[PDB]
Each structure stands twice: as structure tokens, then as C-alpha cells.
Amino acid sequence: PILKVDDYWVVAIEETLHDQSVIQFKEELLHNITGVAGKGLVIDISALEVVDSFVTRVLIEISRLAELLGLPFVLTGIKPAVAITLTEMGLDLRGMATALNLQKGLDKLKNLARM
């Protein structure tokens with residue numbers, strides 16, 4: 001489920017039931033964000049109680065693609081615990097845009113485009 005609000009892409013990742021699902025999502029997302037112009041991307045991982053090695057590298061990839069695309073990208077709903085695994089796993093949470101939740105995510109992206 002990849003929706004669009006005021007030109008921003010919104011994704012919520014839910015607990016999954018296969019790995020092939022995370023690849024389909026990654027492939028569909030990148031297909032969308034390189035297709036028609038968007039102003040930004042928020043992905044919410046608050047549903048994930050633990051972050052698999054699989055989802056980790058996917059976020060690293062999307063984050064890395066969004067930069068190469070010049071697409072604002074904020075990650076939201078990160079608990080203190082899954083935050084430490086992500087950074088160890090190599091996602092630089094400090095140098096990137098994160099927000100408490102989806103509303104704060106949208107706001108943050110909107111705020112930087114008023115600069």
C-alpha cells in the first residue's frame with residue numbers, strides 16, 4: 001500500500017509473513033518514486049517490533065536511492081530499541097530525517113521545502 005498525500009508518498013510497513021513481500025514492496029515503491037514526480041517520502045515502521053536483517057537493508061537501499069533521486073525521505077515510528085539495531089546494521093539515523101510519527105513526518109518534509 002503506497003499512497004500519496006499532497007504529493008508526498010506515504011508508506012506504513014506492517015508485520016510481514018514472508019521475505020518475498022519486502023522485495024515486492026521495495027520494487028513497487030522505487031517504481032513509483034522514479035515514475036511521476038513526488039515531493040517526498042515518509043515510511044513508518046512503528047508496526048515492527050523487531051527489524052529483520054531483510055527489512056534493514058531494504059531501508060538502507062531506499063534511503064540511498066532517495067538521496068540519489070534528491071527525494072526528501074523521513075523515517076518515522078522508530079522505537080529506541082529498533083533504533084540501535086538499525087544503526088549497528090549500518091543505517092545512519094543521526095544524519096537522516098526521522099520523526100515520531102506520520103503527522104510529524106509529513107510536517108517535517110513540508111517544513112524544509114519552505115526554506
# chains A, B, ... in the order shown; residues from 1 in each chain; ligands from 1
>>> residues_around(residues="residue A:52", least_positions_apart="6", cutoff="12 Å", atoms="only C-alpha atoms", output="JSON, numbers by chain")
{"A": [15, 16, 17, 18, 19, 22, 45, 58, 59, 82, 85, 86, 89]}
>>> write_last_selection(atoms="N, CA and C atoms", output="compact mmCIF listing (two decimals), in the first residue's frame")
# COMPACT_ATOMS: atom_id res chain seq x y z
N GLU A 15 3.82 -5.79 10.14
CA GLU A 15 4.48 -7.09 10.34
C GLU A 15 4.19 -7.97 9.12
N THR A 16 5.22 -8.61 8.60
CA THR A 16 5.08 -9.37 7.37
C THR A 16 5.08 -10.87 7.61
N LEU A 17 4.84 -11.63 6.54
CA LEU A 17 4.63 -13.07 6.63
C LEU A 17 5.44 -13.83 5.57
N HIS A 18 6.38 -13.11 4.96
CA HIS A 18 7.32 -13.69 4.01
C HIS A 18 8.38 -12.63 3.66
N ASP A 19 9.47 -13.05 3.03
CA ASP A 19 10.51 -12.12 2.58
C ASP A 19 10.16 -11.59 1.19
N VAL A 22 8.69 -8.19 1.09
CA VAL A 22 9.51 -6.99 1.28
C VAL A 22 10.19 -6.58 -0.03
N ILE A 45 7.68 2.70 10.38
CA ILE A 45 7.96 1.34 10.79
C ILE A 45 7.49 1.05 12.21
N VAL A 58 16.83 -3.21 3.11
CA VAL A 58 15.88 -2.54 2.24
C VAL A 58 15.76 -1.04 2.55
N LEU A 59 15.68 -0.68 3.83
CA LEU A 59 15.61 0.72 4.20
C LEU A 59 16.89 1.45 3.85
N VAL A 82 14.67 -0.57 18.32
CA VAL A 82 14.91 -0.91 16.91
C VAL A 82 15.83 0.13 16.26
N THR A 85 19.54 -1.27 16.66
CA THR A 85 19.83 -2.33 15.69
C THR A 85 20.05 -1.76 14.29
N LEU A 86 19.16 -0.86 13.85
CA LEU A 86 19.33 -0.18 12.57
C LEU A 86 20.69 0.50 12.38
N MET A 89 23.34 -2.07 12.25
CA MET A 89 23.18 -2.61 10.93
C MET A 89 23.72 -1.66 9.86
>>> select_by_dssp(residues="stretch 41-110 of chain A", states="alpha helix (DSSP H)", output="MDAnalysis selection string")
chainID A and resid 53:68 80:88 102:110
>>> closest_residue(among="A:78, A:23, A:3, A:13", to="residue A:38", atoms="only C-alpha atoms")
A:3
>>> residues_around(residues="residue A:102", least_positions_apart="4", cutoff="10 Å", atoms="only C-alpha atoms", output="list in words")
residues 10, 11, 12, 42, 43, 44, 45, 46, 74, 75, 76, 77, 106, 107 and 108 of chain A
>>> atom_distance(atom1="atom CA of residue A:110", atom2="atom CA of residue A:55")
26.3 Å
>>> residues_around(residues="residue A:94", least_positions_apart="3", cutoff="12 Å", atoms="only C-alpha atoms", output="PyMOL selection string")
chain A and resi 74-75+83-84+86-87+90-91+97-99
>>> write_last_selection(atoms="N, CA, C and O atoms", output="compact mmCIF listing (two decimals), in the first residue's frame")
# COMPACT_ATOMS: atom_id res chain seq x y z
N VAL A 74 11.83 10.73 5.13
CA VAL A 74 11.88 10.73 6.58
C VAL A 74 11.40 9.37 7.04
O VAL A 74 10.48 8.80 6.45
N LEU A 75 12.04 8.82 8.05
CA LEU A 75 11.66 7.52 8.59
C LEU A 75 10.97 7.81 9.92
O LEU A 75 11.50 8.60 10.71
N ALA A 83 16.00 1.24 16.96
CA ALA A 83 16.85 2.31 16.51
C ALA A 83 18.33 1.93 16.65
O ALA A 83 19.16 2.34 15.84
N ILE A 84 18.66 1.14 17.66
CA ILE A 84 20.04 0.75 17.90
C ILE A 84 20.48 -0.39 16.99
O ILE A 84 21.64 -0.48 16.60
N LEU A 86 19.16 -0.86 13.85
CA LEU A 86 19.33 -0.18 12.57
C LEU A 86 20.69 0.50 12.38
O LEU A 86 21.31 0.37 11.33
N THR A 87 21.16 1.22 13.39
CA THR A 87 22.44 1.92 13.27
C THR A 87 23.61 0.94 13.23
O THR A 87 24.56 1.13 12.46
N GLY A 90 24.06 -0.43 10.22
CA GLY A 90 24.65 0.49 9.24
C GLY A 90 23.76 1.59 8.65
O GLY A 90 24.15 2.25 7.69
N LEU A 91 22.57 1.80 9.20
CA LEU A 91 21.74 2.93 8.78
C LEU A 91 22.03 4.13 9.68
O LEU A 91 21.85 4.07 10.90
N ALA A 97 16.67 12.23 8.27
CA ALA A 97 15.44 12.77 8.80
C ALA A 97 14.61 11.68 9.44
O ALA A 97 14.17 10.76 8.75
N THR A 98 14.38 11.77 10.75
CA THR A 98 13.41 10.88 11.44
C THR A 98 12.36 11.71 12.22
O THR A 98 12.61 12.85 12.61
N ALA A 99 11.19 11.13 12.44
CA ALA A 99 10.14 11.82 13.17
C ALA A 99 9.31 10.80 13.96
O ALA A 99 9.32 9.62 13.63
>>> closest_residue(among="A:63, A:111, A:101, A:21", to="residue A:41", atoms="only C-alpha atoms")
A:63
>>> residues_around(residues="stretch 67-70 of chain A", least_positions_apart="3", cutoff="12 Å", atoms="only C-alpha atoms", output="list in words")
residues 30, 33, 34, 35, 37, 38, 39, 40, 41, 60, 61, 62, 63, 64, 73, 74, 96 and 97 of chain A
>>> atom_distance(atom1="atom CA of residue A:8", atom2="atom CA of residue A:54")
25.1 Å
